[PDB]
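Quick heads-up: the structure tokens below are two forms of one chain, split into structure 1 and structure 2.
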Structure 1
């Protein structure tokens, strides 16, 4: 059925409906010299849009502006990664822009963004950075300070009305010159900024160069930039590249959490949701005060409390860790090997037992083996592994002191090559460090292929598969996928074959390889699948996949999941509740999969039903439950549903180790967690 109904506020504020003049922006035409180049045209126009000044943005192969064509710089010259271009703008009249047409709507909103940006630029006595305005001094420290404000946004809606988005944020500013910053003691400025203006850079190094040798220190003097400041050492900055000689005294370090890391105290940049809601309401009211588009009106929305997930081990469990005592769901016979990289010998008693306590409490048996080779023994080590694999060892638990990145990846790849997933557990280890080692054991077992916990319930889709791209914007250069159920997890790696196969073939490739591995492990071929992707890549990339599912007669649902851009969700009454579903413009909605502390504010996932007929609540419900099926955590659930959280980790590990043909590892052994 369905439960709960609640009302919430979105960190959005409704404003004045667009007036006739805005709905029909002026349409300018751009002429370049020399011609751009097939791929350089779009960004080049964006650049002319800025160069021409005013509330002007790119619309198609030209600009669209809200500023009178007369105030814009109709001619000029701009450079791009070398070549410079002369531009010409020809008013081509006015063009209505239907808000109902997402695509045209995309331009009015772009203009709304430029309009909002323009007001901040003329704001007095407030630090501005893009669409963020910082209006209050929060924390402090030697030479540095922290400002508080909000990242802002403005866009036109379905209805054709303005929308203001406000999300509180903190900014880190240095109040000390690079010369004085180094004096103190601090080191590396990744980027830096002119003490006199705002152009940020990426200082390369400090050159032991020429006092005043035309002139460097004179140039900065031919402007007074240097009067009463003491240009220090020769510093070569950078831009997105010429070496632009400079003085470390006319530069200000751009700090990160690091610089201010070691600190003048603990530093909490997170906000409990009420304080967060409080500042949003306030700043929204403050900006609307000088935006002149009416009073911002908090948009409310209907929310629904989704039914909690029934996480089942052998008995009922509240989190994965608890199955170590209750027993796991179904459990195979298994064997694990211990590999000690320090100087100790066997299995730590409390570990031996915990495993023993977990397995006995479960059905089947376990055997603990101990490898007696050392990675350095080379070939003797490999035969030792081949030999462990022979007697049935399924996964290796590695006790060792913290390992350097590359040593770590070398040991894992080496073991993986002999068909052995491994789990590292850092050796200075006490029995009281319950969380750390119990988590390690959860991983080891998962790597062994054991289904520690499963979902007890009913779901539209029998198989759920998450996809992640090998090239960030497309599956052109391969990628990975993972699938959860019965519910037994498995990974899928692309068909090894190189270059640029067609994207949709790579995708369909992933899905068919997943549909197969499922069958050879469940003996059955799912009747309905839930497909999950990130939204980063097009969608037409899943076309071959979709109708392939058409021929085999299996039903589907394509749902995209965004980690951010979901804004914020606050109740009108009561406390933030877990398992919150919030419908928006349709085919899309919000989901609050977690809320686990009160020193922070939850970040809703934003989803889009891009294909399929299953009802949105039904989608929300399942995607929420998939969230409790990650095996490697045990003390806290991920925000992303298991399938996507797993695939990303798989894509990460693939790159970190150097996987091509993981040929001896079973597909239900989550070697990558």
Structure 2
């Protein structure tokens, strides 16, 4: 617990001058007139050809450059069709930084000023908003930049160091220094004053409590102390390498885990090979009939297509599988212990759970996956307060990133129904998580149905980009940092390792609900530690979202047609 302070990778520069607060307003006339759907990009294009610092404002243009130095008359080309533009100055409109509407226009002007000013910088490498400065192959050093306006009417610089390959992670502290050096170097050159780094109040969240059969510090420990909830299991081994039976150290480790858990284990061997064709599927069917819940596949590294085909084939017989490549030595403990954890999660075992109290006893994550011209919208959930159960539900095919209102609700209803099957009652409050942005009204129906059903809720948008960066004012950088920014918007540093590079905090937006922000940050931060198939490192995303992202990715890869007979408690996609 505790208040503390951090720097963001943003820097206050000079106040907008009186001039800039009243940008020049210009109307645009185009011949011929564009259709209703094509005009906005066209206005933007006009904004560029006019030159100087000019952006679209409403249906027209705003410029910080007087109209005499703009190119008021000229020509454009879009989708084959050629247009002729003329810009008529129409006085200047006083823009106030408080009216977030106006500020947005000022920030657009600010970015254009920055990009533009940077193009005129001598002996430096500029690409859009990137600048490279420090070294027939070469390493280039620099930063990605941004410029907007604070509501008190001053320039804000976001700076983040970056490299350029022309022919790579940075310790956090180094990145912080280079961030400052580059912020001043550019502010002094740009003519925007001396940069002063922005501070924010940060709060240190309580360390979450992870439980196997007993307390653990990492999920891999459940292999020695026992699982959070063990039950009678049967696992099968499929060897693609022509070898023996179970490697003894794998056997001994599984037996040890189950003995500590107080549950019984049956180990099977599949004496079949997929090159047998349909006979192979018969063996699977039999294996399944005999109780096998998941399969460990020992194989030389497989090509993606073979891997996918194999997974899909077992899946079609209701058998999740965990691959572990050979050659395999006993000393490669991390790899094979992670494999083992994978197998157990795919068998429907609860390896770890959290201890502690949280606002919501059901947490659900929503994502969309697939790289083709259609996506899958899907959900994964953590049931009970402890996250005592991890489930997935069948995805749905959709046109794009938006998940249809009815689909969101249906998925949600399945997870609620899972809670009701597992606890005998409805949850009093649910935590709804969305990977990335929530499209307008996407959750409207669902939200209404929960209300109707007497279930309290919170909606939280979780963005993996856009949060910027956070550095301690003093001391070492630790994860579990909560940084409230504006109202209902906050950063959350969930994971950090000194060797990984510099952390990227999540950016969260509280979209609906009245749970205090700090509480949401507490439960989400804690949720990152629930993921069972990573032994030694916690995911950045809370387990519902991490699982959901993996779910839609695997379904995107294998297809949805194989999942009919796969239990929703078996996490086949880890």
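Positions refer to the first chain, counted from 1. Rigid core: the largest C-alpha set superposing within 1.5 Å between the two forms.
Practice item. Could you check which of 148, 567, 294, 460 shows a C-alpha shift of 2 Å or more between structure 1 and structure 2 after a rigid core superposition? Key: The only residue crossing the 2 Å threshold is 294.
Review point. Hey, does residue 309 budge by 2 Å or more at the Cα between structure 1 and structure 2 once the core is superposed?
Key: After core superposition, the displacement of the residue 309 C-alpha between structure 1 and structure 2 stays below 2 Å, so no.
**Study point:** Exceeds or equals 2 Å, Cα of residue 610 between structure 1 and structure 2, core fit
**Key:** After core superposition, the C-alpha of residue 610 moves less than 2 Å between structure 1 and structure 2.
Practice item. State yes or no: after fitting on the rigid core, is the Cα displacement of residue 93 between structure 1 and structure 2 at least 2 Å? Key: After core superposition, the C-alpha of residue 93 moves 2 Å or more between structure 1 and structure 2.
**Study point:** Distance moved by the residue 42 C-alpha between structure 1 and structure 2 (core-aligned, Å)
**Key:** Between its two positions, the C-alpha of residue 42 lies 3.2 Å apart after core fitting.
Review point. Following alignment on the rigid core, what Cα displacement (Å) is computed for residue 410 between structure 1 and structure 2?
Key: In the core superposition between structure 1 and structure 2, the C-alpha of residue 410 moves 0.5 Å.
Point to revise | Cα displacement of residue 663 between structure 1 and structure 2, core-superposed (Å) | key: Residue 663 is displaced by 1.7 Å at its C-alpha.
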